[PDB]
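The chain below stands alone and is given in structure tokens; this is the form deposited in one PDB entry.
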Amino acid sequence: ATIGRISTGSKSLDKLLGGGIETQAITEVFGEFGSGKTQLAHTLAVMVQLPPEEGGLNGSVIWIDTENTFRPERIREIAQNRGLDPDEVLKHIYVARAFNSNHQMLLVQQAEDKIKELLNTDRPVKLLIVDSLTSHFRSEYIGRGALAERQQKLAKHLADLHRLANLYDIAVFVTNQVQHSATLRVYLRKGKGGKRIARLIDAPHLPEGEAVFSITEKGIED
């Protein structure tokens, strides 16, 4: 019942987040193309595998990929440069490509089976990524009347995700490209000098500053 926190790799971003992204919660990162959403996802997929005194949860990962932007060699690089075995780290990320939004929804149901399989194991699922949460919905539900229909399907999908996060004490991390029912929304944008900036949105009771980070051979870090 106590929540867990997964470090992002960036001390700055971690502080903004109160220590890292939370289990029993959906964290949505949103921003324009190139703002670092997928790179943050790759980094979290390594960080969660660390022990807790290093900011992880000794956990496995389920990743639902909608745009085929998952890169196993990037996982291996991030792992290697953080002192972890690249191939063991990869072994604990279960990637499924979602062919369309309906398949994406079924995949969340299959994720529950894998979650059960690894539960009470030494590396239970502690992170579930959906990258991108919205891309299929955006292409499939379009035109007059689509707004209500799309929002309803997305709400159902997010309800499924919330249930997994809460039932099994998992952190859910979803991405959304810009030009809501997530627990926490984090807006990401590219700044000067290769920096990325993060801001919490519509969360008046949480830190109101901005975090600043870089994307490196370690994934994300200050």
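One rule holds for the numbers: they count along the sequence shown, beginning at 1. Shifts are known only where both forms have a C-alpha. Think of the rigid core as the biggest set of C-alphas that the two forms share within 1.5 Å after superposition.
Only in words, not in the display: the form deposited with a partner chain bound, which the text now covers.
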Q) Looking at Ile26, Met47, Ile62, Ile170, which is the one with a non-hydrogen atom within 4.5 Å of its partner chain in the deposited complex? A) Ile62
Q) Between the options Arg123, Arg138, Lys116, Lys91, which residue brings a heavy atom to within 4.5 Å of its partner chain in the deposited complex? A) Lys91
Q: Tell me whether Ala96, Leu107 and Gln110, taken together, all sit within 4.5 Å of its partner chain in the deposited complex, counting heavy atoms only.
A: yes
(Q) Please determine whether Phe70 contacts its partner chain in the deposited complex, using a 4.5 Å cut-off between heavy atoms. (A) yes
Q. If you line up the core, does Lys192 shift 2 angstroms or more at its C-alpha between the shown form and the other one?
A. yes
(Q) In sequence order, what stretches of at least three consecutive residues shift by 2 Å or more at the Cα level between the shown form and the other one, with the rigid core held as reference? (A) 192-194
